[PDB]
């Protein structure tokens, strides 16, 4: 029973609350902070447009919600300086507001009396970034305190990149992620700092930038400077694909590329990276707990140019990787 807190009970925060419920034997969410009133908060817990109804009952009052007869403290402090985790013996705070991805801002959780902070996103000034199944062994139970669990796309790309580079070496690579729309995008054409994301999300293919390809280097140093890419946001509510095209010096074939993924995708790592030969479409990978679902039927090769494609549920898959990482932290003060 390692006692967990959630800062920012949004898509990832609520996906995380459910993942813990359905997957963890040893964690407990005992406090959450969120800018929403508790009626809204509990409604959005009980009903979900993507995951469906929560298995259990939810009640609320002015400073709590109660899920399956278990009382949870709730705060509404839009600056985490004004919080007090310590008061609920809270060991870890998932930082999923998306506004405290700077560790200098996030560490504030520690100041409020937390031991760990896992930011549910690419970060800055953090102690360490991890994609579970890729670089989790270099967690430092003593020094690694404010950390990143990286991005959905990085948790898709890195597993697959690592294997294929470990095997054939990647010289250069460029990625397109065709990605479900997310909450930062606008429903109607409206204000946004990014002039494409300003555009009505559910009727547009929307190009946008992503650090996810560069960010791979945070977990695979050997690929620094070797990878870049961008995203096409498309009208599905969840479910995404990472399409990577790359150059190798090795002689390769489709078969050899596919057999390497297949070979590697077993055991504990297989809980992160899956190998498929199924006729998949995006709805088939909704609620899939892998970080990366390699699609063997999409593999292409001309000369020493290779295209490979991997799926991920950007909500649920990512969240399952964030739970793995959290179990690790939780197993070692």
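Residue numbers count along the first chain shown, from 1.
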| item | value |
| --- | --- |
| Stretch exceeding the other in mean C-alpha B-factor - 137 to 145, 219 to 227 | 137 to 145 |
| Selected stretch [higher average CA B-factor]: 290 to 298 or 66 to 74 | 66 to 74 |
| Out of 124, 176, 153, 191, highest CA B-factor residue | 124 |
| Peak C-alpha temperature factor (PDB record), options 308, 50, 45, 29 | 29 |
| Entry-reported Cα temperature factor of residue 19, expressed as the chain third it lands in | middle |
| Chain third (lowest, middle, highest) by recorded CA B-factor, residue given as residue 208 | lowest |
| Lowest, middle or highest third - CA B-factor, residue 284 | lowest |
| Cα B factor band for residue 80 (lowest, middle or highest third within the chain) | middle |
| Third of chain Cα B-factors occupied by residue 240 | lowest |
